[PDB]
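# following this: a sequence and the matching experimental structure.
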Amino acid sequence: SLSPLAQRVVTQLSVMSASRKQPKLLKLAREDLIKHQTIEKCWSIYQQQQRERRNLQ
Amino acid sequence: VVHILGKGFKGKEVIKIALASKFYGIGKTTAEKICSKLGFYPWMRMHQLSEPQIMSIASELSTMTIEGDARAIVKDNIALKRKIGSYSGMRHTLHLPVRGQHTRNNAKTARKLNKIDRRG
Amino acid sequence: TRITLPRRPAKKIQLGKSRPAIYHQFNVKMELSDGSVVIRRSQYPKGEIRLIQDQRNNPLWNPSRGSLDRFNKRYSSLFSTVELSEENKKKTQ
Amino acid sequence: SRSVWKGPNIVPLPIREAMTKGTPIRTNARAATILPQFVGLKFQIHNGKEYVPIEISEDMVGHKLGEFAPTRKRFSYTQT
Amino acid sequence: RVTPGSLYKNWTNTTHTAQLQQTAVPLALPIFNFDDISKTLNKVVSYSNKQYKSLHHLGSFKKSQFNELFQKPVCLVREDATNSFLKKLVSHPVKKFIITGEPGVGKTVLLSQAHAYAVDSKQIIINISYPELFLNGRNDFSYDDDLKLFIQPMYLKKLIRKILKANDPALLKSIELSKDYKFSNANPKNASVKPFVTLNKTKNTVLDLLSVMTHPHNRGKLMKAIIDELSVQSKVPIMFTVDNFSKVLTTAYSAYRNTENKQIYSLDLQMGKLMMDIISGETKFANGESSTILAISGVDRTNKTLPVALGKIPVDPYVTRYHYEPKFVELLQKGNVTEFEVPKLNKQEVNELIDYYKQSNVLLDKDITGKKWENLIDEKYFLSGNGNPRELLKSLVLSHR
RNA sequence: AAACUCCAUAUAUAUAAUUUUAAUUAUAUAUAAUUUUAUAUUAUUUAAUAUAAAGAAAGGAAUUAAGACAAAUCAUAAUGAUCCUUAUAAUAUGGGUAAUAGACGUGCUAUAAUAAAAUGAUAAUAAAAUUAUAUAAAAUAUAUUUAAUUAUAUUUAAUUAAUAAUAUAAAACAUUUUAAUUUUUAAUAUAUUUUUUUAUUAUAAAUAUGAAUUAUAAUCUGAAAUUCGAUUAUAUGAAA
RNA sequence: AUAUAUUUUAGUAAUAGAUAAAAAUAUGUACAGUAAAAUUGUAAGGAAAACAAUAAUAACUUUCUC
Ligand SMILES: Nc1nc2c(ncn2[C@@H]2O[C@H](COP(=O)(O)OP(=O)(O)O)[C@@H](O)[C@H]2O)c(=O)[nH]1
Ligand SMILES: [Mg+2]
Ligand SMILES: [Mg+2]
Ligand SMILES: [Mg+2]
Ligand SMILES: [Mg+2]
Ligand SMILES: [Mg+2]
Ligand SMILES: [Mg+2]
Ligand SMILES: [Mg+2]
Ligand SMILES: [Mg+2]
Ligand SMILES: [Mg+2]
Ligand SMILES: [Mg+2]
Ligand SMILES: [Mg+2]
Ligand SMILES: [Mg+2]
Ligand SMILES: [Mg+2]
Ligand SMILES: [Mg+2]
Ligand SMILES: [Mg+2]
Ligand SMILES: [Mg+2]
Ligand SMILES: [Mg+2]
Ligand SMILES: [Mg+2]
Ligand SMILES: [Mg+2]
């Protein structure tokens, strides 16, 4: 069917592939989703501020 | 039947001799030393070994530089020889006898197995 | 003649359902030639590595700052500079 | 001198001048043991016919110079 | 590709182990008894049934002899050789002999006769035929912690069994124990029920002690206890014997290796040390008539040791350990070993042997028919080298030249 | 051609203060045989067979003619003719003569049990020959916990030799072991085969043959061992 | 730590993006995008394998900020 070299190549391919290695989707509650949004938005704002500070300097 | 470190062994095979025959890193003296360390009587047979004794033998083998590791050292040396523009390395590459021999006739064994990847 | 792995039917990734390849990565500490440690994410399972030949001991990266070994071992009693001076007449060449 | 006692096989060379200024050492010795005192010196070792240029690496330290200048040509057969 | 009936062994083994003594003439010969040697002083004599039983168990009758020639192993009594030795054994205060001589002269046969005598006179016999087994490394061994020496619990077991069987139980069970003894049990029965076997002082017996069956690591302890018991008892004589003692003398270091890879010394073993102790004035037996009878074998190596031990050569100090071990000599000197040279056969004895062989029908046709008897005897004597019995026997039977 | 010759043999004589001893020898000189005699049985006085009595009496070496093969050699050496004479003459340093597809001779070692290996110190039994361009004994040290073996180193005792050394000859013979081989081992019992027997359990085509090939470490000779030498050790263990 | 039973995993195989000029379904429809050449480079790579880079932001919307 397959050689040892062929097997090893397949294994190598698998290492890179998403076949049966990835978890379930990250589902959130609506409150949790909001909390996440507020975390991200605030962070983004902070990053923008920092960029402006550096740019201004 | 009596397996030890992967290598199979027929019963009634004298232990030290059997070890010498099978394992690449060890000859006569080394096998005797191992037996002495473990405390088997000389001319003890492979079938007589209990399970703890077998485990102790296996451990001793693992502690020693043997089998594949020993083979690799030899391969590494020949790779090193090849790397420098050496005569010996050149002979190894070309599958000729290395040890200052004649090759007008009778150099067949060298041709057969003087590779860079030696052992098999 | 051409050595290949023959393809099976491809699995249909639906539009929107495609997920990004987040590979499994460990936080790995690299101690360089000197004692400066640096954390890097790595796919191979080894929490700690210490390096021998790095930029921090290479002369190109800091200009301002075993056959030979075997030879040294088995010509040790003689102690082999003075020896160079003794054995270096530059007439013949 | 092969035997560990009484070695190595030392020969006189223009070593110090080579070390000062990169002038290759044309050796017709071929039986001089390479030393740690000349790694990274350019040697031009004799081959019978023509002198052979070599830069001595740290892997060569145990060996003779003549071991790196192969005297005979690589054999072939004219398939006629 | 082998059957049960077919002979697969090499020649010497075959002759020992394939019963070709089966097809042999029954011979109504006289019986060996020391009390009636005057009757059968220079005649061939079959052993008694009891003696035979004991002797076989001990291991007196050996492979390279021509015991296959007759119904059972047979010897003759000799005034110069065997009878004289017996008298010495009876009379001497020390009673401590080493049977020396040239190869094939009849040292083992002398030993067998001595054993037979001991059996007749109600004595226990501890025979060690072939010390090569315990000395050379071809059976399990272990460093005991209590006894500071290496025990050998396959050989030891066999030796114990031989002791048990060679000797009659009535003589052996007349001995009460001096001490109590705990041992590890090793029966198929009562393994879980009885973890230990206990022998009491007055109630238990030496026979019972012998019959004990322990694990290998207690076997050496058991052996030690037995020896001690035998030393203590004064009711029965103990004949100790070691044949091929030459090997023991020469092979100073055994083939066994300790934890570090180097050869174990013979005196660091259990058996060899014990034997040496028995030889010397150290494990002294309580009873009189309790002898040690050692025997050399021409098979084994020769060197300066045994001559130096005896009154033969002055002690050269510079000769090597291999060719002269001084400890062994010292030990031999300590226990006053008076050596006994086995003399070669006389003409009359040779003639008598030849006559016996003729009666049993071993002689060839060219020897018997068309030949003077006296002349034949003289020829036989000549070819043996003036009465080497084995050589003579070989010339008679194994010649075909 | 044979014979005389040499070696070897048998005998005799001589010599050797039987410590240079081996007189069981060595070496000069002889003698001895290409053996002799007789009885018979076949073929024609003899010649082969047989038998007998007399003897130590039986080999090997050198010598290979004339002619021939335009056999081999101008590379042992010499000489004719011919060619080279700053080169075809002379010296040094290195390399080569040891290259490797196939092929061809000679050998060596093998492919295991009418055959291989361990061991064998009152050291089983030889001959012939070498040692002032040397032979190297005993003994110490390391490989190697005993020591022996084998190999090196250390250092030279003896003798330039019937005196000492090379050198305890080896097969032999003896004990032990030996895979292929459940044709054995080891646990139990077993017993008048006890270095062994029987019973019942477990023991499941290159080895414990061979030594090519290679790796590393040492040693030897030499001023020098890379091409390109010889040992020893630890591994490697083709083919057959 | 280990034994048995009952399960669970390991068949290890690529696209992860509405993919966009390597090759592959050549007719429908829906959505989206832009090619090529030449040039400058870069491990074997060389005139010729692959990858990268190579026209202009006025005005507008949102975000942060002086
Ligand atoms: N004394 C004696 N010996 C005999 C008699 N019959 C046979 N022998 C032989 O005695 C020999 C035993 O001699 P032994 O000394 O053991 O030989 P070793 O083993 O080489 O020492 C055997 O080989 C027998 O052939 C006998 O009646 N009397
Ligand atoms: Mg092996
Ligand atoms: Mg004997
Ligand atoms: Mg002539
Ligand atoms: Mg004499
Ligand atoms: Mg002629
Ligand atoms: Mg010609
Ligand atoms: Mg001619
Ligand atoms: Mg000429
Ligand atoms: Mg000339
Ligand atoms: Mg010239
Ligand atoms: Mg030649
Ligand atoms: Mg020839
Ligand atoms: Mg063989
Ligand atoms: Mg010596
Ligand atoms: Mg001499
Ligand atoms: Mg010898
Ligand atoms: Mg084959
Ligand atoms: Mg071999
Ligand atoms: Mg061999």
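Perfect, thanks for sending it. Numbers count the residues shown, from 1 in each chain, chains lettered A, B, ... in the order given. Ligands and ions are numbered 1, 2, ... in the order given.

# flag every residue of chain E that's near chain B.
By CB under 8 Å from any CB of the partner chain, the residues of chain E that approach chain B are E:137-142, E:255-261. To be clear about C-beta, it is placed using only N, CA and C from the backbone, and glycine gets the same treatment.

# without its sequence neighbours, what residue ends up closest to whichever residue of chain C sits closest to chain B?
Closest residue of chain C to chain B, CB to the nearest CB: residue C:67 (8.0 Å). Of all residues not flanking residue C:67 in the chain, residue D:61 sits nearest, at 4.6 Å (CB to CB, 6 or more residues apart in numbering or on different chains).

# ok, residue E:286 next?
Excluding its sequence neighbours, the residue lying closest to residue E:286 (CB to CB, 6+ apart) is residue E:234, at 4.0 Å.

# again, but for residue E:226
residue E:209 (5.9 Å).

# centre of the chain versus the strand or helix carrying the one you found, how much separation?
According to DSSP states H and E, residue E:209 maps onto helix E:206-210. Centroid separation for helix E:206-210 versus its chain: 22 Å, with CA atoms, centre = their mean, to the nearest Å.

# quick one: it near RNA strand F?
No - in terms of CB under 7 Å from any atom of the strand, no part of helix E:206-210 sits within range of RNA strand F; the closest distance is 11.7 Å.

# how near is the nearest residue to residue C:84 once chain neighbours are set aside to residue D:58?
Of all residues not flanking residue C:84 in the chain, residue D:37 sits nearest, at 5.2 Å (CB to CB, 6+ apart). Residue D:37 is 12 Å from residue D:58, where distance means CB to CB, to the nearest Å.

# the two: which has the busier surroundings?
Between residue D:37 and residue D:58, residue D:37 has the larger neighbour count (other CB atoms under 10 Å in any protein chain shown), namely 17 against 14.

# circling back to that earlier point, tally up the residues packed near the residue nearest to residue C:67, please.
Using other CB under 10 Å, residue D:61 has 21 other residues around it.

# my guess is it contacts residue D:36. True?
Yes - between residue D:61 and residue D:36 there is a contact under CB atoms under 8 Å: 5.8 Å.

# in which helix or strand would I find residue E:380?
Residue-wise, residue E:380 maps onto helix E:373-384 under DSSP H and E.

# helices and strands around that helix, which ones?
Counting contacts by 3 or more CB pairs under 8 Å, 6 or more residues apart in numbering or on different chains; DSSP states H and E, helix E:373-384 packs against helix E:347-360, helix E:389-397.

# next up, the contacts around the nearest residue to residue E:105 once chain neighbours are set aside.
Nearest non-adjacent residue to residue E:105, counting by CB to CB, 6+ apart: residue E:342, 4.6 Å away. With contacts defined as CB atoms under 8 Å, 6 or more residues apart in numbering or on different chains, residue E:342 is in contact with E:81, E:99, E:100, E:101, E:105, E:106, E:107, E:110.

# again with residue E:385
E:344, E:391.

# ok so, going back, and the residue nearest to residue E:286, how many residues sit next to it?
Counted with other CB under 10 Å, residues neighbouring residue E:234 total 12.

# wait, it sits on residue E:289?
No - applying CB under 8 Å, one finds residue E:234 not in contact with residue E:289, separated by 10.5 Å.
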